[PDB]
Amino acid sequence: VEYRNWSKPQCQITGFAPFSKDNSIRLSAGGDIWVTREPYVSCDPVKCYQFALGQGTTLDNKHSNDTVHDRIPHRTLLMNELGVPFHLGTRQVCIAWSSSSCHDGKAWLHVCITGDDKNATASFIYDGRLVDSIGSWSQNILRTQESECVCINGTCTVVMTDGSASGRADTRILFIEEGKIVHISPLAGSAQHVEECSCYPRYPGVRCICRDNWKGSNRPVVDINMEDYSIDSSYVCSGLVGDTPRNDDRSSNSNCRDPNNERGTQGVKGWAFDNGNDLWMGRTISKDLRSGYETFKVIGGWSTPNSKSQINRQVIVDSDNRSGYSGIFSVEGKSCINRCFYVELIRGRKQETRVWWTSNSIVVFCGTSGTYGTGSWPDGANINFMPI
């Protein structure tokens, strides 16, 4: 077993082909399936596994009541193979409410976070044993990537933030190799609030399209240099730019430099990636809520400030449907490394009222160089059918 490093050109994609779905909510109406949220997937050198943060209970349990709450001690990192849902025999990889996982080539890595909001502990597990841990550095809800981290040449990198969500915070990028932290570096560059980074490998470094939860609808970029521990911020030029809440497409701005101050506050985890001066990107269909999902390439979306010219769009989830979080995950090809993405479709309480629980299901597509068609692959759970 050699170490991962990703020195292959990114695959020239043409859109996204259908790749997987797990129907968690439908099956939850007839079967013992876990209550989760905040999902993600990450492929080890051999196969893709699907993660999520389960709430120490199953859906048709009485314990499902009030799962809208994000943090509880009885929360853990569920992990199965991609395709197989989170049933009663799923292992619980660690105690956690915030997470991230990667695979350096040799073995896994799971940064699991539990504890109180004021003082928390992030445990670093690698190869199955616990190797290190870190304390909160600002006493306000220490959180992490919420998706797959990336390891180049034996060294994994996960960005982490602790401070206030809608107010400035303290973010740093830890370089943790073999489960052991061998460096920490704070944020540098023009970004105002970095939360929930979707990070992909781009030789010889790492890139992150994150979540400004305080000042902007535009998305912060974070650039990590694995050979130097140097950090850099920016923003996505895309005039089309998409977080949620969002302003409007003809009234949205971005200069690639600083928050657009357009409904900035609040948001959702998202993703995007470059191709020269072009930017492939996902977004919910709506500016106001997390309903439906759409992908498209924005011409000059990576190098020209405020470019709002799009080519190649695909509806992933129909506008009359729910979505939520989402992140990108990349996988090595035998020639180039492709980039795929997952999309969490949340059902239940707060939005939906018949029921008192909150859980999600997933869908996932992958970049293709070939031709494709059309559709809308959503949840499919009649709320009147579902228990509670």
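One-based numbering along the sequence shown.
When the two stretches 59-67 and 342-350 are set side by side, the higher mean Cα temperature factor goes to 59-67.
On average the C-alpha atoms of 207-215 have higher B-factors than those of the other stretch, with 140-148 and 207-215 being the two compared. Per the deposited record, 275 carries the highest C-alpha B-factor of all listed residues (303, 92, 275, 254). Among 169, 317, 158, 299, the highest C-alpha B-factor recorded in the PDB entry belongs to 169.
Per the PDB record, residue ranking by Cα B-factor puts residue 244 in the middle third of the chain. Ranked by C-alpha B-factor against the other modelled residues of its chain, residue 86 falls in the middle third. Annotation for residue 267: C-alpha temperature factor in the highest third relative to the rest of the modelled chain, per the entry.
Remark: residue 366 belongs to the middle third of its chain, ranked by C-alpha B-factor as recorded. When the modelled residues of the chain are ordered by their C-alpha B factor, residue 43 lands in the lowest third.
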